Every structure is written in C-alpha cells, then in structure tokens.
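Encoded as structure tokens, the structure appears first; notes follow it.
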Amino acid sequence: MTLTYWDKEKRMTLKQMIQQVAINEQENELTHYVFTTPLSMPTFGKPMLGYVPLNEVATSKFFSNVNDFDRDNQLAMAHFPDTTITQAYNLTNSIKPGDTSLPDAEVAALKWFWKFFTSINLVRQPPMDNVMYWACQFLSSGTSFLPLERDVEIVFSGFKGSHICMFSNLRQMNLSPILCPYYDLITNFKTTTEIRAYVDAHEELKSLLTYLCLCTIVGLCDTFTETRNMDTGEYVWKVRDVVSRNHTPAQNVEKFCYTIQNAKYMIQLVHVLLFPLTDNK
Amino acid sequence: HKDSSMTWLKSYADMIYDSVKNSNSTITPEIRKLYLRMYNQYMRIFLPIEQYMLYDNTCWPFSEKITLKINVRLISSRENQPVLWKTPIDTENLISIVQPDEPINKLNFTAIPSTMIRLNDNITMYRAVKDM
C-alpha cells in the first residue's frame, strides 16, 4: 500500500525492511550530539505560480538525484497562507474545474513541510556527521532516542542486487498522503509523548521513514562495498562504520555517483522529518 | 632547557600503536576506547576535569570532560650542572641481567675522549692559609 518495492519481483516494503541487518561494533563514540531547530530559511520574491504537483514527480525531482536543473524556488508557493491544494496534491492558487480543495489542517501541515524544503543553498544546514549520528540513532535504538554508545554497520543480503533500483522504486513512490497526519499532529501543538505513541501505533509511516533514512545514508556514505554471490542472483552489500569514517558526500563512481546540492537536499530531508520526535528547541 | 622535548613527544606518540593495536600492553584496557575516540574524532576538545569547569559555552560545541590520564611522571633537569644518582639497597622487585638463557654477560663498550669532560689529578691539600 506504500509501494511494492520492485526488483523484477514485487514486495511490500516490510519484507524489504526485515531483509537487512544493523549490527554494532567496538570503539564507543561517546560523542552524543544535539538536535537543532531545522533552519527553515525561506525567502524569495519570484515564485512559480500555476499547478505545481506535490506528490510523485515532486519527490522524484527532489530526492532521486535526477537532473540538477537548479531545482529552485518553485516551491516558494509554500508561504502566502492563502494558497490551496487539490486532492491529487497539486498546490495551486486557482482551482480551475470546480475541483475541490482539502480541509485546513491538511493544508497547514503540507505547507509547513515543503516550506521547510524551499531554498537550500541559502539554508545554513548543520555538518553531516551529526545528521548521520541522528539517523543511526533512530534506526538503532528506536523511537526512544537513547544515545548510541557504540558504532553500527549495515548489511543487506539477497536482492537480485539492484540498489540503483532501490533508489528507483523510491523515485516512483508517493509520500504526502502518508506523512500528512504526522505533521498535522505537530501543527496543532501536541507533545513528544503522544506523537511517539502515534508513530509507534500507526506503523505505516514508521517503516517508510526507516527505509528513507536508510536510503539516504547508503547514498551518502563511502565505506560501502557490494558483492554478488556467484551461485545465484543475490547481492550482499555492506556499509561499514557508518558514523566515524564519513564527513563529506561521495564521488566513488561505483556505488551511486551522487551530486552536491541534491545531497544537501537529502540531509535537509532527514533533518526535518526526524525533528518532531526529539526534545525541546 | 629546550631540547629533544618535541622529538620525545613524537616518539612517544608513535610508541603506542605497538600497544593500542597489538595486545599485550599497558592499555589496562580502557585507554584503548578513550585513545581510539581521541584519535578518531578531530572535533571534540578533550578537557581534563579541571579545565572543563572554565570552558563555558562560546566556542566549539564539541568537547568532553576527559579523565583517566596516563601515568608517566618524568623529571626535569636543572641548569647545565650534571646529575648524580644514589643507587639504592632497599626494594621489592628485581630486573633481569642478560636474557634468561645464559651465564656471564659482557658489555664490550665504547669510551669517552679526553677533550670531553677532563680529568683533574690535583688533590686539594689546604683550606685557608693557616693549614700551610
């Protein structure tokens, strides 16, 4: 229902989340970092009006490392609180064919989120070691957010190995009418306790953002190796010591040749979607 | 008394990999974890328990109350005047002479010249003139 993770063979994202292993190692990095208000830094006086999509070509254009065509302010129609959204999640300022808009709370949440995503290379985002720390923190300890006290390695086994196709069936995946109620909870001033209860309960978005933080770290790490078990079509690929040996994005053109500004996009992403779990400002 | 001090620093910085990577060391053993941290972070500044009380907030947001210092207390020589030792007789432990496989040891060794520290044979025979 989220998306059938494709490999030439279907999936349900749940097999593909219980498919991996996150196993820890030595050298306790007693280096507990701290979160930060995610620096929305929105501004420009030149928008793109009209029907801007907000679900699928949106997420693909933004996080699939597709063409780096300057990908600019086009989301600037996230200020101006009087815009509207049409159920296909087209953000507009003029609903043409008598088509209907969403209720309010939904609109508030969605605009909040993309507003956070507006203008990157003017955003002053924090260095990446810390965001790797938070990501592994979440996907290791769970929603409790205890510091790591160790270091972690990730390993995948048996895929008809196509981590490029992992990034792809990401490119084909919708998220807005999945994470809407979550940011809705964060809009009307609930609290960490109840939203943790929420994320524990619903568990549809839990698997999703697990996968998402996972993909961003495997796309931005450089201690990565892959292998094919040459008796079957099955790749095992590992990423070792994720948080200690990584300080900048990657360019090894053997794993996922990742550009820059889309990388700062991705770190803004994980920042702004792990934000509401944690403690005060 | 500027000296081999910096060279000694560099040497002792090297003479730990033979200890923190291999087993059979004075690592005792946690210094491994602490030293590995210090070597792997580059961002935190590690302050002994005293200084941390002063470094407040307005710098690098990367620090730690380090402790558990390595126990090496080295003496410092005075001015150019030399050093004398007073080899003892009381103790509790012993040290080995030549490797535990063999009798008599022979340290066939070099010698000093005379243009270096000289040799006085003058025997002081008198204090103040009365003694004459």
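Naming works like this for the structure tokens: A, B, ... for the chains as they're shown, residue 1 at the start of each chain, ligands 1 onward in shown order.
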Interface list for chain A, partner chain B, 9 Å threshold, only C-alpha atoms, as a ChimeraX atom specification: /A:26-31,33,244-245
DSSP helix (DSSP H, G or I) residues within range 15-226 of chain A, listed as JSON, numbers by chain: {"A": [56, 57, 58, 59, 60, 61, 62, 63, 73, 74, 75, 76, 104, 105, 106, 107, 108, 109, 110, 111, 112, 113, 114, 115, 116, 117, 120, 121, 122, 128, 129, 130, 131, 132, 133, 134, 135, 136, 137, 138, 139, 140, 141, 163, 164, 165, 166, 167, 168, 169, 170, 171, 176, 177, 178, 179, 180, 181, 182, 183, 184, 185, 186, 187, 192, 193, 194, 195, 196, 197, 198, 199, 200, 201, 202, 204, 205, 206, 207, 208, 209, 210, 211, 212, 213, 214, 215, 216, 217, 218, 219, 220]}
One-decimal distance in Å that lies between CA of residue 165 in chain A and CA of residue 141 in chain A: 27.8 Å
Residues of range 57-151 of chain A in strand (DSSP E), written as a VMD selection string: chain A and resid 84 to 86 90 to 92 151
Contact residues around residue 117 in chain A with only C-alpha atoms at 12 Å, ignoring same-chain residues under 5 positions, as a PyMOL selection string: chain A and resi 38-43+58-59+62-63+71-79+110-112+122-123+125+262+264-273
Write out the residues from the selection above, keeping C-alpha atoms, as a PDB file, in the first residue's frame.
ATOM      1  CA  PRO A  38      15.799  22.994  11.268  1.00  0.00           C
ATOM      2  CA  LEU A  39      16.676  26.430   9.918  1.00  0.00           C
ATOM      3  CA  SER A  40      13.718  26.940   7.569  1.00  0.00           C
ATOM      4  CA  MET A  41      15.417  29.952   5.851  1.00  0.00           C
ATOM      5  CA  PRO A  42      12.604  30.661   3.380  1.00  0.00           C
ATOM      6  CA  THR A  43      12.732  33.713   1.135  1.00  0.00           C
ATOM      7  CA  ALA A  58       7.719  16.208  -6.601  1.00  0.00           C
ATOM      8  CA  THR A  59       9.505  13.605  -4.511  1.00  0.00           C
ATOM      9  CA  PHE A  62      13.744  16.379  -5.342  1.00  0.00           C
ATOM     10  CA  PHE A  63      15.389  13.236  -3.968  1.00  0.00           C
ATOM     11  CA  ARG A  71      15.636  22.977  -8.733  1.00  0.00           C
ATOM     12  CA  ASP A  72      14.958  26.367  -7.217  1.00  0.00           C
ATOM     13  CA  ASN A  73      12.245  28.439  -5.547  1.00  0.00           C
ATOM     14  CA  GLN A  74       9.459  26.679  -7.471  1.00  0.00           C
ATOM     15  CA  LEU A  75       8.231  25.545  -4.062  1.00  0.00           C
ATOM     16  CA  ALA A  76       8.075  29.183  -2.901  1.00  0.00           C
ATOM     17  CA  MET A  77       4.312  28.874  -3.079  1.00  0.00           C
ATOM     18  CA  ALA A  78       4.524  27.473   0.436  1.00  0.00           C
ATOM     19  CA  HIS A  79       4.438  30.884   2.071  1.00  0.00           C
ATOM     20  CA  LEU A 110       1.774  20.124   3.978  1.00  0.00           C
ATOM     21  CA  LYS A 111       2.723  23.755   3.506  1.00  0.00           C
ATOM     22  CA  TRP A 112       4.751  23.584   6.718  1.00  0.00           C
ATOM     23  CA  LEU A 122      20.723  29.756   1.406  1.00  0.00           C
ATOM     24  CA  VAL A 123      19.750  27.445   4.272  1.00  0.00           C
ATOM     25  CA  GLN A 125      22.298  23.368   7.478  1.00  0.00           C
ATOM     26  CA  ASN A 262      20.730  17.287  -4.079  1.00  0.00           C
ATOM     27  CA  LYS A 264      22.165  18.946   0.857  1.00  0.00           C
ATOM     28  CA  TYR A 265      18.530  18.418  -0.092  1.00  0.00           C
ATOM     29  CA  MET A 266      18.721  14.911   1.343  1.00  0.00           C
ATOM     30  CA  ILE A 267      20.297  15.972   4.612  1.00  0.00           C
ATOM     31  CA  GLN A 268      17.692  18.709   4.976  1.00  0.00           C
ATOM     32  CA  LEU A 269      15.150  15.939   4.470  1.00  0.00           C
ATOM     33  CA  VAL A 270      16.295  13.617   7.201  1.00  0.00           C
ATOM     34  CA  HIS A 271      16.778  16.609   9.498  1.00  0.00           C
ATOM     35  CA  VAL A 272      13.259  17.951   9.008  1.00  0.00           C
ATOM     36  CA  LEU A 273      11.499  14.621   9.309  1.00  0.00           C
TER      37      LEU A 273
END
Residue neighbourhood residue 193 in chain A, 12 Å, only C-alpha atoms, exclusion window fewer than 2 positions, as a VMD selection string: chain A and resid 143 to 144 185 to 186 189 to 191 195 to 200 276 to 279
Store the residues of this selection in a file with C-alpha atoms, as an mmCIF file, in the first residue's frame.
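New file result_30.cif:
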data_model
loop_
_atom_site.group_PDB
_atom_site.id
_atom_site.type_symbol
_atom_site.label_atom_id
_atom_site.label_comp_id
_atom_site.auth_asym_id
_atom_site.auth_seq_id
_atom_site.Cartn_x
_atom_site.Cartn_y
_atom_site.Cartn_z
ATOM 1 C CA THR A 143 11.802 5.985 18.861
ATOM 2 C CA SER A 144 13.250 6.167 22.380
ATOM 3 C CA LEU A 185 -0.070 16.329 14.853
ATOM 4 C CA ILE A 186 2.954 18.614 15.011
ATOM 5 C CA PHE A 189 0.853 21.714 19.302
ATOM 6 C CA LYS A 190 0.806 18.170 20.595
ATOM 7 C CA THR A 191 3.794 16.843 22.526
ATOM 8 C CA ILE A 195 3.413 11.778 18.885
ATOM 9 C CA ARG A 196 5.750 8.950 19.877
ATOM 10 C CA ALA A 197 2.666 6.959 20.825
ATOM 11 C CA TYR A 198 1.289 7.825 17.390
ATOM 12 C CA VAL A 199 4.344 6.757 15.408
ATOM 13 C CA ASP A 200 4.519 3.547 17.408
ATOM 14 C CA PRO A 276 9.380 16.269 15.668
ATOM 15 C CA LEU A 277 10.461 13.112 17.504
ATOM 16 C CA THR A 278 13.039 14.734 19.719
ATOM 17 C CA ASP A 279 13.068 17.068 22.701
#
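For residue 52 in chain A, the set of protein, DNA and RNA residues having any atom at most 12 Å away, when counting only C-alpha atoms and skipping those fewer than 4 positions along the same chain, is residues 47, 48, 56, 57, 58, 73, 74, 75, 76, 77, 78, 83, 84, 85, 86, 88, 89, 90, 91, 92, 93, 94, 95 and 114 of chain A.
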For N, CA and C atoms, I'd like the residues from the last selection saved as a compact mmCIF listing (two decimals), in the first residue's frame.
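Writing the result to result_10.txt gives the following:
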# COMPACT_ATOMS: atom_id res chain seq x y z
N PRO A 47 8.18 33.74 -7.49
CA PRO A 47 7.69 32.37 -7.39
C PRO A 47 7.39 31.76 -8.74
N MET A 48 6.91 30.52 -8.75
CA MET A 48 6.32 29.91 -9.94
C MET A 48 4.89 29.54 -9.61
N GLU A 56 4.39 12.98 -6.50
CA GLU A 56 5.26 11.96 -7.04
C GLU A 56 6.38 12.51 -7.89
N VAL A 57 6.07 13.27 -8.93
CA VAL A 57 7.15 13.97 -9.61
C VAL A 57 7.83 14.92 -8.65
N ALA A 58 7.10 15.40 -7.64
CA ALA A 58 7.72 16.21 -6.60
C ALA A 58 8.84 15.44 -5.91
N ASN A 73 13.35 27.92 -6.34
CA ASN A 73 12.24 28.44 -5.55
C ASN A 73 10.87 27.91 -5.92
N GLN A 74 10.76 27.14 -7.00
CA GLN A 74 9.46 26.68 -7.47
C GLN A 74 8.53 26.26 -6.34
N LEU A 75 9.07 25.81 -5.22
CA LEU A 75 8.23 25.54 -4.06
C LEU A 75 7.88 26.79 -3.27
N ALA A 76 8.32 27.98 -3.70
CA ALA A 76 8.07 29.18 -2.90
C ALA A 76 6.60 29.46 -2.70
N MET A 77 5.72 28.75 -3.39
CA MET A 77 4.31 28.87 -3.08
C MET A 77 4.00 27.98 -1.89
N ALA A 78 4.82 28.07 -0.85
CA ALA A 78 4.52 27.47 0.44
C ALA A 78 4.41 28.50 1.54
N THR A 83 -2.90 30.03 -0.34
CA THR A 83 -2.93 29.08 -1.44
C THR A 83 -3.74 27.85 -1.06
N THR A 84 -3.94 26.95 -2.02
CA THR A 84 -4.76 25.78 -1.77
C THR A 84 -4.12 24.54 -2.39
N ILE A 85 -4.71 23.39 -2.09
CA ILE A 85 -4.22 22.09 -2.54
C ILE A 85 -5.39 21.29 -3.08
N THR A 86 -5.21 20.67 -4.24
CA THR A 86 -6.22 19.81 -4.84
C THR A 86 -5.83 18.35 -4.64
N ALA A 88 -5.37 15.54 -5.71
CA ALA A 88 -4.19 14.93 -6.29
C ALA A 88 -2.91 15.51 -5.76
N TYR A 89 -3.08 16.45 -4.82
CA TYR A 89 -1.98 17.14 -4.17
C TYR A 89 -1.25 18.04 -5.16
N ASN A 90 -2.02 18.71 -5.98
CA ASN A 90 -1.49 19.81 -6.76
C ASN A 90 -1.66 21.10 -5.98
N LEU A 91 -0.55 21.73 -5.62
CA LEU A 91 -0.59 23.02 -4.96
C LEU A 91 -0.83 24.10 -6.00
N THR A 92 -1.85 24.93 -5.76
CA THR A 92 -2.19 25.98 -6.70
C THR A 92 -2.67 27.19 -5.94
N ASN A 93 -3.01 28.23 -6.70
CA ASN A 93 -3.71 29.39 -6.17
C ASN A 93 -5.04 29.62 -6.88
N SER A 94 -5.44 28.71 -7.78
CA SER A 94 -6.69 28.88 -8.51
C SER A 94 -7.18 27.49 -8.94
N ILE A 95 -8.17 26.97 -8.23
CA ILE A 95 -8.72 25.66 -8.54
C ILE A 95 -9.65 25.79 -9.73
N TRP A 114 6.83 21.51 3.07
CA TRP A 114 7.56 21.94 1.88
C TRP A 114 8.20 23.31 2.10
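Here CA of residue 20 in chain B stands at a distance of 16.6 Å from CA of residue 72 in chain B.
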